[PDB]
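Shown next, in structure tokens, is the structure this report addresses.
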Amino acid sequence: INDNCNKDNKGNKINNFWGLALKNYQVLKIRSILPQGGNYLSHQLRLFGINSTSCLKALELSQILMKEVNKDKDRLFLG
Amino acid sequence: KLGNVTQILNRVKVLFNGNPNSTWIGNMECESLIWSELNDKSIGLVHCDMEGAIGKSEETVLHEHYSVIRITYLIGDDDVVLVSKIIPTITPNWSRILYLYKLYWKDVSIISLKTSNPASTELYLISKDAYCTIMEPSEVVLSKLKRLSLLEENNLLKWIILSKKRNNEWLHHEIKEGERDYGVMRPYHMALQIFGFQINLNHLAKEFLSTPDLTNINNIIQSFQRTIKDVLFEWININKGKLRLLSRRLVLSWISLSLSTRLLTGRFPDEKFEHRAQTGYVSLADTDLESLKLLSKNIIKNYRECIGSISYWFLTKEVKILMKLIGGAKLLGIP
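These protein sequence lines map, in sequence, to chains A and B.
Numbered according to the authors' numbering, the first sequence spans residues 1712 to 1744, 1763 to 1808.
Numbered according to the authors' numbering, the second sequence spans residues 1857 to 2094, 2114 to 2210.
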């Protein structure tokens, strides 16, 4: 039932990607072409990580990775 | 957490021969080992999230990015996708990395995530199509690199600023909407919970505030009473280390009360506490003790008046923990 629920959320969240869908101003191309570091308001949404909370960014990049990455090959993670 | 439903623990292969120098991207041993074990398999995705250290210079960053490109060329088959993270800086000699990525790839996209920090220049590069044919030592490549044209650089700066501003606006709106809603979390939080991740509020409280539970308001109240009595007793009893430790303990007790009462009642005892936390420091004054009912006694307030207010500044590593705790309190407690 846990795997079924995971697949169910996967299937439902296609029209909207968990409310993290990208807009046109976020994606730019090189060929088709001041903030300060003392603020951390973004971390008030990092509530689902014990050792690393950077599992929310992967959920947003997942759209492009679905679009452009083959799902029948292996993956390598560096760093 | 899932109980190995998807057998994830049986599908992670670690590239390590026992030698520490074979794990760093810059070294040749890492490239040799990766090519040795991955030359006979098909790799469709190469994801490289750099450590993003500030100690390193620009030359080392360029060397590491070029090494990642070399690894992708060596082991990546056709239709391979490379995902990387970049941290541009104010120093004008920064676009050489963009020039390099444009040089070695044909379809390069740059993304500013709204889930990332909107106050920092952190961008993500995605590359798909291999362009070059000859791979050569790093020195000649790093000598070859140059800047880009000024017009495109200014266009990139303007686009980056606009994207950061809109991302910050979206962040503020999402925080406000989450704090308003009664008892339902945002859809991405639901997805993260489904995927097997855990809420870190209790853990962060346990090894940060040394408070086993935030819901139990009572024990936290008596804890703060004993803490303030003991810190005042020691303070008049008089060193620098003792003063710093006692001030820090009092700060942690005050933060524990604030988070607990925000979780239980729905409002912070001090209105300026959240803005000060955003700045990165927290202050406890005579007025704060005088504010709420029966937290202390008149002699305690008079003793505190001899010191007035205390203001403790944290490191960024602890500011992040404070932000996570405040977010959890606001997005998991009552409206």
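C-beta atoms are modelled at their ideal positions from N, C-alpha and C, and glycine is treated no differently.
Closer than 7 Å to the CB of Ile1744 of chain A there is at least one CB belonging to chain B.
Counting every other CB atom within 10 Å of its CB across the protein chains shown gives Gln2078 of chain B a total below 16, marking it as exposed. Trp2015 of chain B reaches chain A at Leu1739, counting residues in chain order whose Cβ is nearer than 7 Å. With a 10 Å radius around the Cβ and a threshold of 16 neighbouring Cβ atoms, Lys2205 of chain B comes out buried. At least 7 Å separates the CB of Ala1986 of chain B from every CB of chain A. Contact annotation: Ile1899 of chain B and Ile1931 of chain B have beta-carbon atoms nearer than 7 Å. Counting along the chain, the unbroken alpha helix (DSSP H) around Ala1787 of chain A starts and ends at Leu1785 to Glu1797. Here DSSP, grouped into helix, strand and coil, assigns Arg1804 of chain A to strand.
For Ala2160 of chain B, the uninterrupted beta strand (DSSP E) run begins and ends at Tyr2156 to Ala2160, by DSSP. In the displayed model, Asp2163 of chain B falls within a helix according to three-state DSSP. Looking from the CA of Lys2199 of chain B, the closest CA among B:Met1884, B:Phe2064 and B:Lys2168 belongs to B:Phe2064.
Classified as exposed, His2028 of chain B has fewer than 16 neighbouring CB atoms from the shown chains inside 10 Å of its CB.
In this structure, the alpha-carbon of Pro1944 of chain B lies about 33 Å from that of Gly2052 of chain B.
For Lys1786 of chain A, the residues of chain B that pass the 7 Å Cβ criterion are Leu1969, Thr1971 and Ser1972, in the order they occur in the chain. At a cut-off of 7 Å, the C-beta of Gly1722 of chain A has no neighbouring C-beta in chain B.
Nearest to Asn1973 of chain B by alpha-carbon distance, out of B:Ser2135, B:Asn2023 and B:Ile2196, is B:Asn2023.
Of all residues in the region 1991 to 2007 of chain B, none comes within less than 8 Å of chain A when Cβ atoms are compared.
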